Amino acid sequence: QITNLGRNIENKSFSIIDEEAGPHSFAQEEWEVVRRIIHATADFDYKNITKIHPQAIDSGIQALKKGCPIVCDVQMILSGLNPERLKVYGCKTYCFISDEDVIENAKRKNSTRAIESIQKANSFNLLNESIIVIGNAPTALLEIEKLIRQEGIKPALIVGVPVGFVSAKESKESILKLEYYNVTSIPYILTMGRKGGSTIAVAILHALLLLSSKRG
């Protein structure tokens, strides 16, 4: 998994982050997630924009335990998750961003591959009680919002951390509006604003997998 020197570096880093982050309003478990994000980016700003839903970590753990599907918008996210830890639960990862049918459908429908990618997962019922990890494409998050609002889909958890200058900020706010209006109570983990990234998403997933293990 990692060497002694490895752990020493990480432990030293987390200690530096805690001391430097200063005062924050995150509970212990929530902080393990936020601290992980700051660690992957060296960006303390995440201490202020990462919003975690009260049931987020709980639904996340439960979903993983059940070998739930993990739907990712971009391939890099998967490339960050070690299949070793996932087979423990039997979770299955998916990313259709690069499938032919998705590509042609995006072109033909004047949309994005991310949007058709999400629709494809839905056509397979892969959104129900799953963990939706959107680390890059804002349109993928807006589509999920659309499906929740119109199709009533019920994922176990939404990790909405897309990065961008066009609709990123908006896609995250649309998720908060769903809760604001009590149309649904789908747990979420968001980094409000334009900031996000596949690396932020992977860091959140790893924090969850760790918390899951630690709960033992």
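From 1 onward, residues are counted along the sequence shown.
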**Message:** If you take the mean CA temperature factor per stretch, which one wins between 82 to 90 and 112 to 120?
**Reply:** 82 to 90
**Item:** Mean C-alpha temperature factor, higher of 166 to 174 and 146 to 154
**Value:** 146 to 154
**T191 - which third its CA temperature factor falls in, relative to the rest of the chain** = lowest
**Request:** Could you tell me which third, lowest, middle or highest, the C-alpha B-factor of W31 occupies within its chain?
**Result:** middle
**Where the record places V159 (Cα B-factor, split into thirds across the chain)** = lowest
**Prompt:** When the modelled residues of the chain are sorted by Cα temperature factor, does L208 land in the lowest, middle or highest third?
**Reply:** middle
**Asked** Looking at the C-alpha B-factor of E129, is it in the lowest, middle or highest third of its chain?
**Response** middle
